[PDB]
Amino acid sequence: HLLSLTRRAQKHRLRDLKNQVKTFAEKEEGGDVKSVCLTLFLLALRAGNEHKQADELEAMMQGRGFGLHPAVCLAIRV
DNA sequence: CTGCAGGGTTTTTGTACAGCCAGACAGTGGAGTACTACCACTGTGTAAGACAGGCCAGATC
């Protein structure tokens, strides 16, 4: 039941998946694992995501937050 | 049918080579950090009813 096992079982559960992903990256996008695996979530979730899919996906390195400028906080408070 | 027992199945759980990045450690000098205490003072308490005395007005002989 895929809830809490460690790395070295999912390893061979998805060896073929990651080999195919690397093959596709080498064929079409050069082989950048990060850019492929970050975008994999977009369409797989977006078939049926509520709205939080987009938030947690844009929660990437960009943005970012550290928090709002103190002026915006002051405006919220007053 | 039950019970246990060699081994199978596939799957885990971990140790194994071996190279290498990410963040903690020490420190510093002090800053600005961030979190606490101290200080007087607030709000929600919120209306009729019982009893004693004085007196007056209407009924009676």
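Every read-out reported here was derived from the displayed coordinates using simple, explicitly stated rules and does not represent laboratory data. Please note: Cβ atoms are built from the backbone with ideal geometry, for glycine as well, and neighbour counts cover all protein chains shown.
Would you check which residues across the range A:6-57 are among the small types (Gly, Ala, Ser) and more than 15 Å from DNA strand B (Cβ to nearest atom) and list them?
If the condition is that a residue be among the small types (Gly, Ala, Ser) and more than 15 Å from DNA strand B (Cβ to nearest atom), then A:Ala25, A:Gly30, A:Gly31, A:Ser35, A:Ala44, A:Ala47, A:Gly48, A:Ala54 are the ones that fit.
Do we have A:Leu74 as in a loop (DSSP other than H, G, I, E, B) and without any contact (Cβ under 8 Å) to a residue 12 or more places away in the chain here?
no
Restricting to the range A:56-71, give me the number of residues that are in a loop (DSSP other than H, G, I, E, B), hydrophobic (A, V, I, L, M, F, W, C) and within 30 Å of A:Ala44 (Cβ to Cβ).
4
Regarding A:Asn49, is this residue without any contact (Cβ under 8 Å) to a residue 60 or more places away in the chain and over 17 Å from the mean Cα position of the chain (by Cα)?
Criteria not met by A:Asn49.
Checking the structure you have, find out if any residue of the range A:61-68 is exposed (fewer than 10 other Cβ atoms within 10 Å of the Cβ) and touching a helix residue (DSSP H, G or I) at 6+ places or on another chain (Cβ under 8 Å).
There is at least one residue in the range A:61-68 that is exposed (fewer than 10 other Cβ atoms within 10 Å of the Cβ) and touching a helix residue (DSSP H, G or I) at 6+ places or on another chain (Cβ under 8 Å).
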